[PDB]
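Here is the structure we will look at.
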Number of protein chains: 2
Amino acid sequence: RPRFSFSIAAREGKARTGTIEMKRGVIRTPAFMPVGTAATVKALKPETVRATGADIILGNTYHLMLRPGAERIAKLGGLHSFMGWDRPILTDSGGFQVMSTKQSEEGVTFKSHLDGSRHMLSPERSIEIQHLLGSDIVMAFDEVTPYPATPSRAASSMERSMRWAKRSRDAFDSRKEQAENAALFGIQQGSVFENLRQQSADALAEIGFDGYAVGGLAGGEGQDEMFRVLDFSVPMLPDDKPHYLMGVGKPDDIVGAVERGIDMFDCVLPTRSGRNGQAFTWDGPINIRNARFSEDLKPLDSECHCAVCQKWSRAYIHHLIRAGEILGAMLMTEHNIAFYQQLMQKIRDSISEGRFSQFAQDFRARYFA
Amino acid sequence: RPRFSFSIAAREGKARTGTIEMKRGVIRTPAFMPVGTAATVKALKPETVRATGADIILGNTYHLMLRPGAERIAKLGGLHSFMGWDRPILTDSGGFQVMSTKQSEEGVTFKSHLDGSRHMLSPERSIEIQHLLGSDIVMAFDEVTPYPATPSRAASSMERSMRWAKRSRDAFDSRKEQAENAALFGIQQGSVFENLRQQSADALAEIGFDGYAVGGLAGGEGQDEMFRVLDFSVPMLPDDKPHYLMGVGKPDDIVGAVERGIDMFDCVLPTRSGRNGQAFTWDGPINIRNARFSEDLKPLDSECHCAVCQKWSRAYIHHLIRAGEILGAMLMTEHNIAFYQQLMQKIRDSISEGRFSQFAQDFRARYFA
Ligand SMILES: NCc1c[nH]c2nc(N)[nH]c(=O)c12
Ligand SMILES: NCc1c[nH]c2nc(N)[nH]c(=O)c12
Ligand SMILES: [Zn+2]
Ligand SMILES: [Zn+2]
């Protein structure tokens, strides 16, 4: 396999389906990436993550640098070896967690929430950490402006992000092993403003990246506004490269974003809300803690092919979650990630067959019935 | 398979190895039974429990009656179906948790620690709950005297326990489906007193049970005293039936107890201490939280055949446990239960080959080096 190759096999309107080939494996798109916060997809062995259908997982640079440490992971053989996942890993840059402390044009300094120790992030240090981890898809370090943002502040943050995108590009390229084996994605900023999104897209395309993320969304704006911004923002990006919507999201957000040209997604929703008792179903989410499930012998979802729905009832999972049992988190998480992967597979198949618009309509009618 | 058949294949001194055949499966002895508190062996799917080598698991009557409820489990198809374990299950009677609230010759009434609701246990109700759960090995309901106990109080509790053993026998026998498909074990009491242990053994043998537990030990007395009581107590029990030491224990306790004629064990140690960071190894226990393991690439144990030791390092598990990650509990628990099963297999093989005394000596020399 090549370092990086994105091929589009089929299209329907703005939606695309295809593959990204990388040294560690093939990624089917549109793709959902389970989030591995601190070198684990919470409550799942990597083999279980793979069995759900995941082709790639996300690791968080900010968290890994705090614990167990980037240099430590490198000494131990890199993130893949450390956690036992041998397929591609995308790492975020830290820009989001920095927003979520001294800031300057050079970068940011901040105190660890775990120990109070002082840490620094910059385009150069973020790229270095992602190298030490050994990630396959490296994200440029950006400045993420909060929502809502004034036009002036959105412009200033976008302009800084573009300067930092060039610094990220140069840092990545200067490291031979990284440049030859990994890929680098740029991140579009500009808040909700069309002119700023255009300037950002133009700057990123001039620099040149392997993929382009739409940054700064899902920050409080709501679905209608997010979709409106995607309507104009995604077509600004190079058509022949993957389009990644960071930190999205709910199943309906994913379907609508694919309709608008997005190829890649990550979010903590299926894992985090799984541990809290929320299970995704084709008829919409349910909260398994609800007393109505205490004697319900049906599986979490009636059609789901996952191992949890093959083997255990709602009633059992209800009991586990109510009791605070670890197995409850395990089963809920496996089902939710499997559900997300089945959603992505239905999306890919429907685009390939030219019936994605119908799928989206049918999905929504049932999910929100 | 028959309802119950215990066969002894080989002996060495007081130690025995063999099999218990039951309708749901064969149990190799000496056996270790992982503890499923509230219908789950904590942090493990039943298939993982089985893969470690477990032939039977324990369920706690006291906890299950409080949550999710015995009648509820029965309505849902019984404990095996509910939790997805199709092999034998032994249920304890509740006598221990009652000690751990109004007491009388009829039984005990108590308040739920979860809800404050009032509950009752008696020989008849305990046997009924174990029936509703559908367990394969049912334990008689006893009164467990605290350690230390005066001779008078030990005698009174033992005598009550024997009256309750007869009531348990009669309750079990009066329920056709239970009598025909499950087995019933009696529990010897008498604290540390030889004459009381003899009276108890004689009473239980007169009533007649499928198996005999040594109750009331591991209550604070320490290993030397426990071994001393086992020295005289186990030979009092019928030789041709299984001997079960309840709530034991550490690997060295197990080896010494097998040397004294015990066939079955259960304890929360490998699961509970696994979640806390303690990992069992042939060179003794380690606490994986210790900073010395932060960059240790070796598996938890150098010889262990378990999947955790095949795939992940001490350094990784150290990180997971320090971070409070669920996967840490999962991996520690799987390894510890697998370690216990490998210990039982080495015990069985060494007895079968007439080299158990040597095995015990070699095990101790290395474990305590
Ligand atoms: N939802 C926006 C988002 C999530 N994660 C991110 N990481 C980075 N570096 N930038 C971003 O804009 C975002
Ligand atoms: N270690 C003693 C023990 C553990 N569990 C028990 N359960 C019962 N019914 N009786 C007992 O004596 C014990
Ligand atoms: Zn499912
Ligand atoms: Zn192991």
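In the structure tokens, chains take letters A, B, ... by order of appearance, with residues numbered from 1 within each chain and ligands from 1 in the order shown.
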Taking only C-alpha atoms and all ligand atoms into account, which residues have an atom no farther than 8 Å from ligand 3? I'd like them as a PyMOL selection string. chain A and resi 299-301+303-310+334-336+338-339
Could those residues be written to a file, using N, CA, C and O atoms, as a tab-separated table (two decimals), in the first residue's frame?
```tsv
chain	number	residue	atom	x	y	z
A	299	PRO	N	-33.55	-7.68	22.17
A	299	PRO	CA	-32.21	-7.07	22.12
A	299	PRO	C	-32.31	-5.55	22.06
A	299	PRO	O	-33.40	-5.02	21.83
A	300	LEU	N	-31.19	-4.85	22.26
A	300	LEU	CA	-31.21	-3.39	22.21
A	300	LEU	C	-31.86	-2.88	20.92
A	300	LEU	O	-32.71	-1.97	20.96
A	301	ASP	N	-31.46	-3.44	19.79
A	301	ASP	CA	-32.09	-3.11	18.51
A	301	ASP	C	-32.49	-4.37	17.76
A	301	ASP	O	-31.75	-5.35	17.75
A	303	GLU	N	-32.76	-5.16	14.62
A	303	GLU	CA	-32.10	-5.54	13.37
A	303	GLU	C	-30.59	-5.64	13.49
A	303	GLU	O	-29.94	-6.26	12.65
A	304	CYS	N	-30.04	-5.02	14.52
A	304	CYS	CA	-28.59	-4.95	14.70
A	304	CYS	C	-27.93	-6.32	14.70
A	304	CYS	O	-28.39	-7.24	15.37
A	305	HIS	N	-26.82	-6.45	13.97
A	305	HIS	CA	-26.11	-7.72	13.84
A	305	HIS	C	-25.01	-7.89	14.88
A	305	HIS	O	-24.25	-8.87	14.84
A	306	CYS	N	-24.90	-6.95	15.81
A	306	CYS	CA	-23.79	-7.00	16.76
A	306	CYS	C	-23.89	-8.17	17.75
A	306	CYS	O	-24.95	-8.76	17.95
A	307	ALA	N	-22.76	-8.50	18.37
A	307	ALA	CA	-22.71	-9.66	19.26
A	307	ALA	C	-23.58	-9.44	20.50
A	307	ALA	O	-24.10	-10.39	21.08
A	308	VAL	N	-23.72	-8.18	20.91
A	308	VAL	CA	-24.52	-7.88	22.09
A	308	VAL	C	-25.99	-8.17	21.81
A	308	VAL	O	-26.69	-8.78	22.62
A	309	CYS	N	-26.46	-7.75	20.65
A	309	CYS	CA	-27.85	-8.00	20.28
A	309	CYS	C	-28.12	-9.47	19.94
A	309	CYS	O	-29.27	-9.90	19.97
A	310	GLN	N	-27.07	-10.23	19.65
A	310	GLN	CA	-27.20	-11.66	19.43
A	310	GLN	C	-27.41	-12.41	20.74
A	310	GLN	O	-28.05	-13.46	20.76
A	334	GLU	N	-20.06	-1.58	22.92
A	334	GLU	CA	-19.91	-2.43	21.75
A	334	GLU	C	-21.11	-2.28	20.83
A	334	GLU	O	-20.95	-2.13	19.61
A	335	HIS	N	-22.31	-2.30	21.40
A	335	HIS	CA	-23.49	-2.14	20.56
A	335	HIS	C	-23.50	-0.77	19.87
A	335	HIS	O	-23.79	-0.69	18.67
A	336	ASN	N	-23.20	0.30	20.60
A	336	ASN	CA	-23.30	1.63	19.99
A	336	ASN	C	-22.27	1.81	18.89
A	336	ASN	O	-22.59	2.38	17.85
A	338	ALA	N	-20.97	-0.59	17.11
A	338	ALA	CA	-21.42	-1.45	16.03
A	338	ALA	C	-22.57	-0.80	15.24
A	338	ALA	O	-22.63	-0.91	14.02
A	339	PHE	N	-23.47	-0.14	15.96
A	339	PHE	CA	-24.58	0.57	15.32
A	339	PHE	C	-24.04	1.64	14.39
A	339	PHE	O	-24.49	1.75	13.25
```
Find the residues near residue 75 in chain A: any atom within 9 Å, counting only C-alpha atoms, skip ones fewer than 4 places away on the same chain, and give them as a PyMOL selection string. (chain A and resi 70-71+132) or (chain B and resi 295)
Would you pick out the contacts of residue 366 in chain B at 8 Å or less, using only C-alpha atoms, so that residues sharing its chain but fewer than 3 positions from it are not included, and give the list as a ChimeraX atom specification? /B:282-284,362-363,369
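Using only C-alpha atoms and all ligand atoms as the basis for the distance check, residues found within 6 Å of ligand 2 are residues 92, 93, 94, 95, 96, 141, 142, 144, 215, 216, 217, 218, 246 and 247 of chain B.
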Dump as a PDB file, in the first residue's frame, selection limited to N, CA and C atoms:
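That gives us part.pdb:
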```pdb
ATOM      1  N   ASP B  92     -24.588 -19.514  46.539  1.00  0.00           N
ATOM      2  CA  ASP B  92     -24.491 -19.595  47.990  1.00  0.00           C
ATOM      3  C   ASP B  92     -25.872 -19.361  48.614  1.00  0.00           C
ATOM      4  N   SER B  93     -25.995 -19.553  49.917  1.00  0.00           N
ATOM      5  CA  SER B  93     -27.329 -19.565  50.510  1.00  0.00           C
ATOM      6  C   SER B  93     -27.748 -18.214  51.048  1.00  0.00           C
ATOM      7  N   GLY B  94     -26.766 -17.350  51.298  1.00  0.00           N
ATOM      8  CA  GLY B  94     -27.014 -16.076  51.953  1.00  0.00           C
ATOM      9  C   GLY B  94     -26.537 -16.024  53.399  1.00  0.00           C
ATOM     10  N   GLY B  95     -26.202 -17.176  53.984  1.00  0.00           N
ATOM     11  CA  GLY B  95     -25.777 -17.210  55.381  1.00  0.00           C
ATOM     12  C   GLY B  95     -24.618 -16.272  55.689  1.00  0.00           C
ATOM     13  N   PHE B  96     -23.692 -16.148  54.747  1.00  0.00           N
ATOM     14  CA  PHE B  96     -22.522 -15.310  54.983  1.00  0.00           C
ATOM     15  C   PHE B  96     -22.829 -13.819  54.956  1.00  0.00           C
ATOM     16  N   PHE B 141     -28.990 -23.301  53.846  1.00  0.00           N
ATOM     17  CA  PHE B 141     -28.955 -22.036  54.586  1.00  0.00           C
ATOM     18  C   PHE B 141     -28.472 -22.293  56.008  1.00  0.00           C
ATOM     19  N   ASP B 142     -27.416 -21.588  56.404  1.00  0.00           N
ATOM     20  CA  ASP B 142     -26.781 -21.794  57.698  1.00  0.00           C
ATOM     21  C   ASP B 142     -26.700 -20.499  58.500  1.00  0.00           C
ATOM     22  N   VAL B 144     -23.768 -18.333  60.308  1.00  0.00           N
ATOM     23  CA  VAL B 144     -22.314 -18.309  60.342  1.00  0.00           C
ATOM     24  C   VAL B 144     -21.852 -17.522  61.547  1.00  0.00           C
ATOM     25  N   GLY B 215     -17.719 -24.679  56.277  1.00  0.00           N
ATOM     26  CA  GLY B 215     -18.117 -23.305  56.498  1.00  0.00           C
ATOM     27  C   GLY B 215     -17.392 -22.660  57.661  1.00  0.00           C
ATOM     28  N   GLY B 216     -17.513 -21.339  57.753  1.00  0.00           N
ATOM     29  CA  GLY B 216     -17.095 -20.615  58.939  1.00  0.00           C
ATOM     30  C   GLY B 216     -15.608 -20.347  59.067  1.00  0.00           C
ATOM     31  N   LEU B 217     -14.843 -20.655  58.023  1.00  0.00           N
ATOM     32  CA  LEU B 217     -13.418 -20.372  58.049  1.00  0.00           C
ATOM     33  C   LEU B 217     -13.103 -19.126  57.222  1.00  0.00           C
ATOM     34  N   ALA B 218     -11.826 -18.759  57.171  1.00  0.00           N
ATOM     35  CA  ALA B 218     -11.407 -17.515  56.538  1.00  0.00           C
ATOM     36  C   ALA B 218     -12.204 -16.342  57.107  1.00  0.00           C
ATOM     37  N   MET B 246     -15.492 -22.725  51.430  1.00  0.00           N
ATOM     38  CA  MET B 246     -16.151 -21.491  51.025  1.00  0.00           C
ATOM     39  C   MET B 246     -15.320 -20.255  51.347  1.00  0.00           C
ATOM     40  N   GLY B 247     -15.203 -19.351  50.379  1.00  0.00           N
ATOM     41  CA  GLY B 247     -14.522 -18.081  50.577  1.00  0.00           C
ATOM     42  C   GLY B 247     -13.013 -18.147  50.750  1.00  0.00           C
TER      43      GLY B 247
END
```
Taking the chain letters and numbering used in this document, name the residues of range 97-317 of chain B that DSSP puts in helix (DSSP H, G or I), as a ChimeraX atom specification. /B:97-99,123-133,151-173,176-181,194-207,223-236,251-259,269-276,291-293,307-311,314-317
Those residues with C-alpha atoms, as a tab-separated table (two decimals), in the first residue's frame please?
```
chain	number	residue	atom	x	y	z
B	97	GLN	CA	-23.94	-11.99	53.82
B	98	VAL	CA	-26.45	-12.10	56.69
B	99	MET	CA	-23.48	-12.16	59.07
B	123	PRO	CA	-33.94	-22.24	54.94
B	124	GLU	CA	-37.16	-22.44	52.91
B	125	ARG	CA	-36.87	-19.00	51.30
B	126	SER	CA	-33.17	-19.44	50.50
B	127	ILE	CA	-33.84	-22.77	48.77
B	128	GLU	CA	-36.79	-21.16	46.94
B	129	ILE	CA	-34.66	-18.26	45.71
B	130	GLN	CA	-31.99	-20.66	44.50
B	131	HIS	CA	-34.72	-22.55	42.64
B	132	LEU	CA	-36.06	-19.35	41.05
B	133	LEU	CA	-32.53	-18.55	39.88
B	151	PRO	CA	-17.42	-22.69	72.67
B	152	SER	CA	-21.03	-22.05	73.80
B	153	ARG	CA	-21.88	-19.68	70.96
B	154	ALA	CA	-20.12	-21.83	68.37
B	155	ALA	CA	-22.14	-24.80	69.61
B	156	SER	CA	-25.47	-22.91	69.53
B	157	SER	CA	-24.86	-21.64	66.00
B	158	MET	CA	-23.68	-25.05	64.82
B	159	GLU	CA	-26.77	-26.73	66.30
B	160	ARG	CA	-29.06	-24.18	64.67
B	161	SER	CA	-27.22	-24.66	61.38
B	162	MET	CA	-27.85	-28.41	61.57
B	163	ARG	CA	-31.57	-27.88	62.20
B	164	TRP	CA	-31.55	-25.48	59.25
B	165	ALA	CA	-29.67	-28.05	57.14
B	166	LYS	CA	-32.52	-30.53	57.65
B	167	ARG	CA	-35.04	-27.81	56.76
B	168	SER	CA	-33.01	-27.00	53.63
B	169	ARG	CA	-32.91	-30.68	52.65
B	170	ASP	CA	-36.67	-31.01	53.04
B	171	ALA	CA	-37.39	-27.78	51.14
B	172	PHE	CA	-35.16	-28.89	48.26
B	173	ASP	CA	-36.67	-32.40	48.16
B	176	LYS	CA	-39.69	-31.94	42.19
B	177	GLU	CA	-38.00	-29.97	39.41
B	178	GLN	CA	-35.22	-28.88	41.76
B	179	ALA	CA	-34.69	-32.32	43.34
B	180	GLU	CA	-34.46	-33.96	39.91
B	181	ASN	CA	-32.13	-31.47	38.23
B	194	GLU	CA	-12.91	-30.33	66.87
B	195	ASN	CA	-15.81	-31.81	68.84
B	196	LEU	CA	-18.30	-29.37	67.27
B	197	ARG	CA	-16.92	-30.01	63.77
B	198	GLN	CA	-17.43	-33.74	64.40
B	199	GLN	CA	-21.00	-33.29	65.62
B	200	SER	CA	-21.71	-31.13	62.59
B	201	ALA	CA	-20.20	-33.64	60.14
B	202	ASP	CA	-22.19	-36.46	61.74
B	203	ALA	CA	-25.44	-34.47	61.51
B	204	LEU	CA	-24.89	-33.57	57.84
B	205	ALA	CA	-23.96	-37.13	56.87
B	206	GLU	CA	-27.08	-38.46	58.63
B	207	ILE	CA	-29.25	-36.06	56.63
B	223	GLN	CA	-3.71	-19.50	57.67
B	224	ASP	CA	-2.03	-21.60	60.37
B	225	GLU	CA	-5.26	-21.94	62.34
B	226	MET	CA	-7.35	-22.49	59.23
B	227	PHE	CA	-5.03	-25.30	58.15
B	228	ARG	CA	-5.14	-26.81	61.65
B	229	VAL	CA	-8.95	-26.89	61.56
B	230	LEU	CA	-8.93	-28.37	58.04
B	231	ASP	CA	-6.49	-31.06	59.26
B	232	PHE	CA	-9.19	-32.59	61.49
B	233	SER	CA	-12.36	-31.30	59.82
B	234	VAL	CA	-12.09	-32.56	56.25
B	235	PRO	CA	-11.57	-36.25	57.18
B	236	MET	CA	-14.87	-36.08	59.12
B	251	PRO	CA	-3.15	-19.19	45.84
B	252	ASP	CA	-1.16	-20.52	48.81
B	253	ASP	CA	-4.38	-21.12	50.79
B	254	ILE	CA	-5.74	-23.13	47.84
B	255	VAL	CA	-2.64	-25.31	47.56
B	256	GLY	CA	-2.60	-26.05	51.28
B	257	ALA	CA	-6.33	-26.73	51.35
B	258	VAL	CA	-6.04	-29.21	48.45
B	259	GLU	CA	-3.25	-30.94	50.45
B	269	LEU	CA	-9.80	-12.16	45.42
B	270	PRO	CA	-8.78	-12.58	41.74
B	271	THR	CA	-11.60	-10.38	40.44
B	272	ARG	CA	-11.75	-7.75	43.20
B	273	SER	CA	-8.01	-7.37	43.65
B	274	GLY	CA	-7.60	-7.38	39.86
B	275	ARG	CA	-9.68	-4.21	39.65
B	276	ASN	CA	-7.52	-2.70	42.42
B	291	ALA	CA	5.82	3.25	39.21
B	292	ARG	CA	8.39	0.51	38.53
B	293	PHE	CA	6.03	-0.93	35.91
B	307	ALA	CA	-4.75	-13.64	26.12
B	308	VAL	CA	-3.75	-10.60	28.18
B	309	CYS	CA	-0.19	-11.85	28.60
B	310	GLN	CA	-0.08	-12.70	24.89
B	311	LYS	CA	-1.01	-9.17	23.80
B	314	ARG	CA	2.78	-4.33	32.15
B	315	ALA	CA	3.43	-0.73	31.04
B	316	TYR	CA	0.12	-0.53	29.21
B	317	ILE	CA	-1.89	-2.13	32.02
```
Taking only C-alpha atoms into account and nothing else, which residues of chain A lie no more than 6 Å away from chain B? Please answer as a PyMOL selection string. chain A and resi 43+326-327
DSSP-assigned strand (DSSP E) among range 106-211 of chain A, expressed as a VMD selection string: chain A and resid 108 to 111 118 to 121 137 to 139 183 to 188 211
Nearest to ligand 1 among A:52, A:342, A:19, A:189, with distances taken over only C-alpha atoms and all ligand atoms: which residue is it? A:189
